[PDB]
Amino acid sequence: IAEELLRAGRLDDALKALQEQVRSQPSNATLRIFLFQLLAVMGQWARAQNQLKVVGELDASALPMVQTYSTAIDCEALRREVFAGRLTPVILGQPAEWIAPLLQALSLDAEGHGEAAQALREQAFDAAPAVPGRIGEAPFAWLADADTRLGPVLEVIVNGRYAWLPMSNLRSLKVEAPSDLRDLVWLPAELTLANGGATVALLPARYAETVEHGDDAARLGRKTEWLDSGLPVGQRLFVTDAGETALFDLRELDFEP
């Protein structure tokens, strides 16, 4: 029934049912792993972390997953602080001068200086190089996040750390379709950097405002939309000169300088 409720996008109803199942079979690690993922979809971060902790104690073979997603949940708090203009994220790879105005714009937004923040973003965008490439086989002249607070920047979690990766530093990105429920929140990825470095990563798959301001459909990534505030919720969306591609429909992204 919980799977059915989830399919229908009835998150609260699903949560009710699943917690009753766990209460009935408290030693069942499979149910608690389901519950952690559902809690994460709903943005109940501390309760999600609680379930992970219990899973690690019930099944020591799940401990690597537990470490990975416990730190991923920690990163969502860091995410909030970065977009609130209160924290500088880790920057991956070669330094990019135009990242600084992007970050400063977040601070200026926080202080109600939206026009000045807009000016800094316009400058950052102008300075960031248009790098051609392809999404699978489909060419583009440039690519960015539909979120103007990022533009040509990818949010990543690497080794449990929240970071910004300028797309100009990226050679290729590979992802698969989401498979587990937690993949709607953090999509596993392989990244190769232009200067050679390669690493596995998690990609925060929804916009940061989704948990608080989105509806159930948004939290499940079944829509992308912009709030009256001007901020996006729902599934991450990439835009190019030629079209747009939602994250869960991306498989391979290659840049060719």
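Residue numbers run from 1 along the displayed sequence.
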Requested in this report: Could you settle it for me: does 225 to 233 or 42 to 50 have the higher average Cα B factor in the PDB entry?
Outcome: 225 to 233
Query - Given 158 to 166 and 79 to 87, the range whose Cα B-factors average higher in the PDB entry - result: 79 to 87
Report task. Choose from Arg182, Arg121, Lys174, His113 the residue with the greatest Cα B-factor as stated in the PDB record. Result -> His113
Report task. Return the residue from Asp109, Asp147, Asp74, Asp126 that has the highest Cα B-factor in the entry. Result -> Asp109
Query raised in the report: Considering only modelled residues of the same chain, in which third does the CA B-factor of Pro152 rank: lowest, middle or highest?
Result: lowest
Query - Third assignment of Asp241 from its chain's C-alpha B-factors - result: middle
Query raised in the report: Lowest, middle or highest third: where is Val66 by Cα B-factor in its chain?
Result: middle
Report summary line: Of the three thirds of the chain ranked by Cα temperature factor, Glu190 occupies the lowest
Query raised in the report: When the modelled residues of the chain are sorted by Cα temperature factor, does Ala141 land in the lowest, middle or highest third?
Result: middle
